[PDB]
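> structure for this input, please:
(5 chains)
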Amino acid sequence: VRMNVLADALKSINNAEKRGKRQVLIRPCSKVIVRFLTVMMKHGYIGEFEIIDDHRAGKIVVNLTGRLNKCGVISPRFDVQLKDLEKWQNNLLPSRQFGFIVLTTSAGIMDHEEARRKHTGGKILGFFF
Amino acid sequence: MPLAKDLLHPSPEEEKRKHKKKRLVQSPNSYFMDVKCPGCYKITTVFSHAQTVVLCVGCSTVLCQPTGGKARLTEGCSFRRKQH
Amino acid sequence: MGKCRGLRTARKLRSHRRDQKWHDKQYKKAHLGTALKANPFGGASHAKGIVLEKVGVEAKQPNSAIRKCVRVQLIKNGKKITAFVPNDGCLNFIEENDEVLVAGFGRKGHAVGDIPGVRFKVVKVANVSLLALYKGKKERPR
Amino acid sequence: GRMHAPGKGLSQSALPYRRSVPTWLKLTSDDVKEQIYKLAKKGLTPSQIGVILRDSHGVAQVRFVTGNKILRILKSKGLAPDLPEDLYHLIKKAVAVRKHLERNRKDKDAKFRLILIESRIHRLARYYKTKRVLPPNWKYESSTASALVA
RNA sequence: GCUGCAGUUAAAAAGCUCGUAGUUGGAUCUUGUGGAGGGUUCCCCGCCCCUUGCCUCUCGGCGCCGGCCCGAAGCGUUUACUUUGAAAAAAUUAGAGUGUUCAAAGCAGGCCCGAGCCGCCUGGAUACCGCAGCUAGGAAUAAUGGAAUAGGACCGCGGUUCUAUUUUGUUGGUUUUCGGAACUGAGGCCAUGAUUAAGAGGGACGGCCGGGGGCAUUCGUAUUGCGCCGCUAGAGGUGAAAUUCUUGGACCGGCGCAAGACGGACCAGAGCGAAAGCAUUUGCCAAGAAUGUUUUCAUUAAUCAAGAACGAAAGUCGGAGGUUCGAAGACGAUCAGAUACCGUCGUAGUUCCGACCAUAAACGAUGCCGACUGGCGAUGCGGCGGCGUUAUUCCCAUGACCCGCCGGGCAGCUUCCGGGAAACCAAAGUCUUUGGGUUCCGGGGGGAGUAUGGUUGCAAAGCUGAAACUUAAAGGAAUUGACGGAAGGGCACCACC
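Residues are numbered from 1 along each chain as shown, chains lettered A, B, ... in the order given. Dropping the coordinates below:
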């Protein structure tokens, strides 16, 4: 089956970081997972990552540090309209000061902090902190 | 696990003794072979897991016996791969 | 957990909850109305009746006492209710074949304290309170 | 895993990354085609065809010495069958079961297994028939099973 | 309990599987540079092929010197989503202003002059309004779309047919022309059109494997009965007895025959089956798992109301059979009583064939599918490799034993993985840092699986299933005591010998 790919992905890197690891193997490589981890890399929670290529769908390998505490998925994907936002981020984050809800908009995939400056609502995907 | 092990670059057969679809790239574990048996003097090429009787045009008319795995040869000789 | 979290599963949620709400005790009394039909009250806070005759009602163990209740028939149903009488000597201020005003104990369906079979008490005899009869700031109007 | 058994298992074929020729080989695209057409005359069906090439002839597979699959080559001629062999092999099995069932009415195990293989036909049929690979009026019955397998 | 519950044992996963609706569903189809706004690349015009995709034009303006250029007109396959507008009765609510004597309110009010100003100034905002509908922008995400038995491109031509009403000043007879439309052939031009094959599924192929199932067939010993032979007095049975059996002789020993039942030891934290279940031989009939594969198909899937198959034992109906055991029943004991435990006898039943019945502690008391996360030694099956021995023709091919590796299967051991109320559990783990998919089901203890109506059944009953009234506890795990006609040690002439 593997109904939702992204939802199975994050639990590995969540589990792996707890035990004390710094290399993982996540499959089967969706484009959606790439742009997620790109945003998550900029802020600094993970390091550079290598995309292995296969014809089947690829495999991805990540280098990570203890800075991450947990990245979760939120499924199914609800809408946000920039007044629903404040209610979401209260429940899902440890603090106002830091933590980053991610979402996708027509202006691309980004954190919530950026979307507020573009006046774009959209569909929420996950979170991390 | 020592819980710090590399996974980018594996050992030549100490981390490529694994199941073939649990490797980083999927490889077959099979090969071809350029055979020239001495009852059918022709350069035949045959797959390792024959799955079926390979016939001969010489005095003989059998070259392989299929089994549950690699097919054993009746009296044949000359193994190549070549390369793959 | 252990249940659907679809995006188009509003029907399967809102029909399930509407069924499993009936297993609650409270909800099942309110909405069937079997409460109203079975009760000697119409849901009214009080009710009025006429005395039938005094009784003595024994207590549940460990306690032993005689509790001096009454038994009353109602005006608007004609059915019978057994009603407690409060403080000492207030029994005497209730006289047989007069009207009284009844009221629930304060537990809203269940028998209270060590007295069984009683679910109601008495507040006014004839436009005069048990208090003023007891304390002595009023007298019997007869 | 399995769709009418509880089991789970891996035995799937695994192809190499490469895909050249590779170098060592012969029988240009065209040579492979006439090599195939002869086989389909003899009643060798597309699955069998690729096997009998792979085991004793120089091909790795007939998808890297041609730009098409084994089946599409046969279909372009018009010499393809009117139903897929996959559907045929399901129906082929279930008739013998029904024969054994008439000869022995106390083999409840066979009766049970027939329900599986029966329902597996109907599911497969509902793939093809929506895709306009079968007539939208064709159904599976005892009578139509008898005639279509012959 | 959507946010946000629980189901091993506390209330609780349909006996099991199939299956339509419903819900849910893998991967894959574009990036860099000057100017402008913000950093030191990066986010309105353009450029590589594209850039708000095009043309075709013609009517009504803008231009520059008849000729030429660019805005408005058809639109980019369709929707969800998101963003901007329009359109939304008041009061209420939020909320701006205002000194109601303060406030609840209210919508007012505030200024300078003796009146001699015949007046001045100012408020009565703003927000919100599920949906659905209307409007414009975005193109990520989620659905939908095209040429594979070819038609896309160009004034490319032919063949064929219909039709438009304009002009030769006008009006009538004729004929082409032009425009629109419809249909047919042969030929150019396209890089002339197919994404991969999921550590998803289906299907073929190969060699094996198993108390899997059906049908036929074969065999063993015992038990009981019968016949015959031999010896003589007790035999059965229990804690102790007795019923009962016995010189026409039992029990016991020997020999042969018949009937029905049944597959020991070997037989195991072993195997197969969806579950219920499945062990003598041999053959036949159809079926299935796992593994091997550089074969085939190309998303064909997951879970499931309706509906469907199988489903222990007992029971019911009709036939066959009836050794053994045996509800019922008749006796003998034990007991104050003893309709029981124990002994003897014994019907139904137990067995087979054909119909019914649908229930169990149908228990791992633990839904199914998928992902991730410790260590170690075994066992059954397949495949792969080997330094080693042995079996046969000295052989090779191979079997047996030895060692290691890779799959999937029944299980075990180990611990500050983590969880749990604890017992315990590599899952019952990855849960207040709560969301992978989906079905079923639970709400204090009784009343009650009763009442009632529906439905199925020949019968027995099964499924579906309340309330009145009553009560403050019922229940789970664990700990300390006491107790035990529980187990192992030790001790006493207030215990015994």
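> can you tell me how far the closest residue to residue C:100 other than its chain neighbours sits from residue C:33?
In this structure, residue C:100 finds its nearest non-sequential neighbour in residue C:122, 5.3 Å apart by C-beta to C-beta, 6 or more residues apart in numbering or on different chains. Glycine gets a C-beta too; all of them are placed from N, C-alpha and C. Separation of residue C:122 from residue C:33 (C-beta to C-beta, to the nearest Å): 28 Å.
> which one of the two has more residues nearby?
The residue with more neighbours, out of residue C:122 and residue C:33, is residue C:122; 22 against 10, by other C-beta atoms under 10 Å in any protein chain shown.
> would you mind listing what in chain B touches chain D?
B:19-21, B:25-28, B:44-47, B:50-52, B:54-55, B:82-84 (C-beta under 8 Å from any C-beta of the partner chain).
> in strands, which of those fall?
Among those, DSSP state E puts B:44-47 in strands.
> quick one: which of those residues is most hemmed in?
residue B:47 (23 neighbours).
> hang on, that residue packs against residue D:57?
No - between residue B:47 and residue D:57 no contact is recorded; they are 9.4 Å apart, counting by C-beta atoms under 8 Å.
> what about the closest residue to chain A within chain B, helix or strand, and which?
Among the residues of chain B, residue B:7 lies closest to chain A, at 5.3 Å counting by C-beta to the nearest C-beta. Here residue B:7, judged by DSSP states H and E, is contained in no helix and no strand.
> burial count for the nearest residue to it once chain neighbours are set aside?
Distance criterion C-beta to C-beta, 6+ apart; nearest residue to residue B:7, sequence neighbours excluded, is residue A:23 at 5.3 Å. Counted with other C-beta under 10 Å, residues neighbouring residue A:23 total 16.
> enumerate the residues of chain D near chain A.
For chain D, the residues in contact with chain A (C-beta under 8 Å from any C-beta) are residue D:17.
> what parts of chain B come near RNA strand E?
By C-beta under 7 Å from any atom of the strand, the part of chain B that sits against RNA strand E consists of B:1, B:3, B:17-22, B:26, B:28-32, B:47, B:49, B:51-52, B:65-70, B:72, B:84.
> so who does residue D:12 touch?
By C-beta atoms under 8 Å, 6 or more residues apart in numbering or on different chains, residue D:12 lies in contact with residue B:21.
> can you pull the phi/psi pair for the residue nearest to residue C:100?
Main-chain torsions, residue C:122, degrees, to the nearest 10: phi -130, psi 140.
> ok, now how distant is it from residue C:90?
8 Å.
> okay, and the common contacts of these two?
residue C:130.
> right, and residue C:51 touches residue C:100 too?
Yes - between residue C:51 and residue C:100 a contact is recorded at 6.1 Å, counting by C-beta under 8 Å.
> how about stretch D:123-137: buried residues?
For stretch D:123-137, burial by neighbour count (16 or more other C-beta atoms under 10 Å in any protein chain shown) applies to D:125, D:128, D:134.
> does it reach RNA strand E?
Yes - on the criterion C-beta under 7 Å from any atom of the strand, stretch D:123-137 is in touch with RNA strand E at D:123-124, D:127.
> measure that stretch end to end?
Counting by C-alpha to C-alpha, to the nearest Å, you get 15 Å between the two ends of stretch D:123-137.
> next one: stretch D:58-65
End to end - C-alpha to C-alpha - stretch D:58-65 spans 11 Å.
> who's in contact with that stretch?
For stretch D:58-65, contacts defined as C-beta under 8 Å, 6+ apart pick out B:45, D:19-22, D:24-29, D:32, D:36, D:50, D:53-54, D:69-70.
> now residue A:49: which helix or strand?
Per DSSP H and E: residue A:49 is located in strand A:46-52.
> an error on my part: the question was meant for residue C:48.
strand C:46-51.
> please apply the same query to residue D:10.
Going by DSSP H and E, residue D:10 is not in any helix or strand.
> ok, now which ones touch it?
B:19, B:21.
> now swap in residue D:15 and tell me
B:26, B:28.
> look up how far residue B:55 lies from it.
Using C-beta to C-beta, we find residue D:15 at a distance of 27 Å from residue B:55.
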